[PDB]
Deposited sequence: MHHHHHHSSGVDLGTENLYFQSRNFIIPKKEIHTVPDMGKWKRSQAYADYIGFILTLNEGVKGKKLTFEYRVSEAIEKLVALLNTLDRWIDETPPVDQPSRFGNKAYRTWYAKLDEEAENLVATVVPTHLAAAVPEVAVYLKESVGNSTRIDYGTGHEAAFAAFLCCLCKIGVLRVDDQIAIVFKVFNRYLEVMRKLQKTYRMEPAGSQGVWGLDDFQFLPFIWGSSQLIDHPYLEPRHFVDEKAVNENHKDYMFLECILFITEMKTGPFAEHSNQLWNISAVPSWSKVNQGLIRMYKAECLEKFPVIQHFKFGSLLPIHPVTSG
């Protein structure tokens, strides 16, 4: 992609200020590029297990290392006894470290000739792990992580051969770290799932045309337990059953209803529509999205 020193980068800022601003978002270059990216990754993983032998580049290993740094800091930042009954205030300590170190982290991944991109790209990383004031996490934070990855593709740090690894290695790791934050700091949800959305899209794509596992099986704990290592969708269900009390039909009714859909292809197609409507076109969710040079607010070009 960008082989020569590049300097025209912009610190991303909010542009969806009120509900009327949703039109400029839907027409934006950023939206087109973002949904394009999600769908490109969705096609790439179709029919493949997490154990598929995919290419792992240096950039991918550096991204995993960046996530491991975040994980280490959780370990270094234990929960505290506190008066409040919701999220644990140690999250704020952990978040402060990420906020101060985000550019340094991103610089481990971005080559020298793209140094000027780091401040722009790091804003997406900073925005992808929850809210320090509320100690909550939602699908807007997840979207910020996907936007971070998208930026790295846009500047050529990640390439087309990396697309399986982006989902199966990097995003997969990110979800592990997010689950650890959610559980360790008792984060509140900021609906399909309390916290996530994308892994259900990419995960259902893995299972398209599966010869044995059908959507009805994801609400069978034994099928989940026996197959979760191969399938991101099933790993998400396992986390829910660990986190929630009582019958699945009652605590996760949307997913329960989805388990009745006849095929994973139809699950995938439906989840894409649902994501666009309930995340990307939902002001309270997507108002968080920031726009710079790489994911810009200007109308999409032809």
Deposited sequence positions missing from the model - stretches, numbered from 1, in order = 1 to 16, 207 to 212, 325
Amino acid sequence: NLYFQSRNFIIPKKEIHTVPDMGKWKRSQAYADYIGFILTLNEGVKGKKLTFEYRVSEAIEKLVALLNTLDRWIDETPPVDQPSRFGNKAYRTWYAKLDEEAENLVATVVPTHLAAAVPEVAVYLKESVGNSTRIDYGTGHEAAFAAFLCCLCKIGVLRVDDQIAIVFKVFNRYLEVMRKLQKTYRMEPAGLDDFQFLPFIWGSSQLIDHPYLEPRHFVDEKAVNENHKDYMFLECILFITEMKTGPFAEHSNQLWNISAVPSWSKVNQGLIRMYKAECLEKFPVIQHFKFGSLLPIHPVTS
From here on, numbers count along this sequence of modelled residues.
Would you mind comparing 292 to 300 and 4 to 12 for me and telling me which has the higher average C-alpha temperature factor in the entry?
-> 4 to 12
Taking the deposited Cα B-factors and averaging over 60 to 68 and over 253 to 261, the higher mean is found in 253 to 261
If you compare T51, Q269, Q29, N42, which has the highest Cα B-factor in the entry?
-> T51
Options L125, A146, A223, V170 - largest CA temperature factor per the record = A223
How does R85 rank on Cα B-factor within its chain, lowest, middle or highest third?
-> highest
Comparing against every modelled residue in the chain, figure out the third that the C-alpha B-factor of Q163 lands in (lowest, middle or highest).
-> highest
Going by the recorded CA B-factors, say which third of the chain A277 sits in, lowest, middle or highest.
-> highest
Within-chain third of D230 by Cα B-factor, per the entry | middle
Hey, what third does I38 fall into on Cα B-factor, ranked over its chain?
-> lowest
